[PDB]
Ligand SMILES: NS(=O)(=O)c1ccc(C(=O)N2CCc3ccccc3C2)cc1
Ligand SMILES: [Zn+2]
C-alpha cells in the first residue's frame, strides 16, 4: 500500500509516510499574479540545451520520465534566481483525466491541462541523490500545457508511449531535443519549494514559465492511455497524477517580468 494518486493512497494520505507533506515550503502552489512581486534583480533564465543527450524513457508507475546523461555539463540551467549551475537529469509531466485539470501549479486558481517539469540538480553537490538533501539542491523548470495546436517537438515523446504502457517498462530514447518543448518567452515566476511527489523534500527552487505551450487534444489523449499498473495487472489509466496546490505559508513568489 504505497503512495499514488487514488482515493486510498493519493495526496491527502502522503503525510502519514512523509510528514514533510505538511511542511513550510511545500509545492505546488497557486500563483496569485497580483501578489507576485516584480523583482528587477532577477536575471534572465539561461537554458543551454544544445548538447543535451537523452537516453531513455521510463514508465515509473506515477508518470513517464525522459532521462538524460547528466555525467557531464551538457544540458544546464543557470541565471534566473539561481546561483551556480544546474544539470538536467530528467523531465516528466503531470496531467488530468480531462482538459480542465492536470497542472500542479495554478495561476489565479486556473488549472492547465498538464504541466511539464524539467528537473535539474546543483552541480556543487556532485550527484542528484546528494542534491535532494539540500535546500538549494534542485531547480525545476515548470511549463504549463494547454490544449489547442499540436506541439511538433512533443510528437516523438507521444509516439513512444505505446512501448511503455505499463509500470516498469522502458525504451531507448536517444537524440530527443528538449528545446522543442519550450515556449517563446522565458518570463517566469520563482519561489522556494519542494518535490511534488514523495519524498516531498524541500530542495527545489521552482521556476514556472508564464507562457504555456500548446499541445493537441490527440497528444494529451495519448498521455491518458498510459497505465499506472504493471503489465498483466488490472488496468488503471495514468490520469490525474498531479498534487493540488499547497499552502504558501511564509513565502514570496517573485516575477521576472513587469
Ligand atoms: N514533480 S517534481 O517535483 O518535479 C519531481 C522531481 C524529481 C523527482 C525524482 O526524480 N525523484 C524523486 C526524488 C528522488 C530522491 C532520491 C532518488 C531518486 C529520486 C527520484 C520526482 C519529482
Ligand atoms: Zn513533477
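A quick note on method: Cβ atoms are made from the backbone with ideal geometry, for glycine too, and the neighbour counts reach across all protein chains shown. Computed from the coordinates by the stated procedures, all read-outs in this text should not be read as laboratory data.
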Restricting segment 183-217 to residues that are at negative phi and in contact with a helix residue (DSSP H, G or I) (Cβ under 8 Å, 6 or more places away or on another chain), the residue that is farthest from ligand 1 (Cβ to nearest atom):
215
In this structure, is residue 181 closer than 16 Å to residue 113 by Cα and buried (at least 20 other Cβ atoms within 10 Å of the Cβ)?
yes
What residue, among those in segment 184-206 that are farther than 17 Å from residue 86 by Cβ and crowded, with 20+ Cβ neighbours inside 10 Å, is nearest to the chain's Cα centre (by Cα)?
196
Quick count over segment 145-175, residues being farther than 16 Å from residue 63 by Cα and crowded, with 22+ Cβ neighbours inside 10 Å, is 0
Please note which strands (runs of 3 or more DSSP E) are completely contained in segment 90-176 and include at least 2 residues that are farther than 22 Å from residue 202 by Cβ.
138-147, 170-172
For segment 209-236, how many residues are within 23 Å of residue 54 (Cβ to Cβ) and either assigned to a strand (DSSP E or B) or free of Cβ contacts under 8 Å to residues at least 40 places away in the same chain (or both)?
5
Only one of 151, 146, 167 is more than 16 Å from ligand 2 (Cβ to nearest atom) and farther than 19 Å from residue 113 by Cβ. Can you tell me which?
167
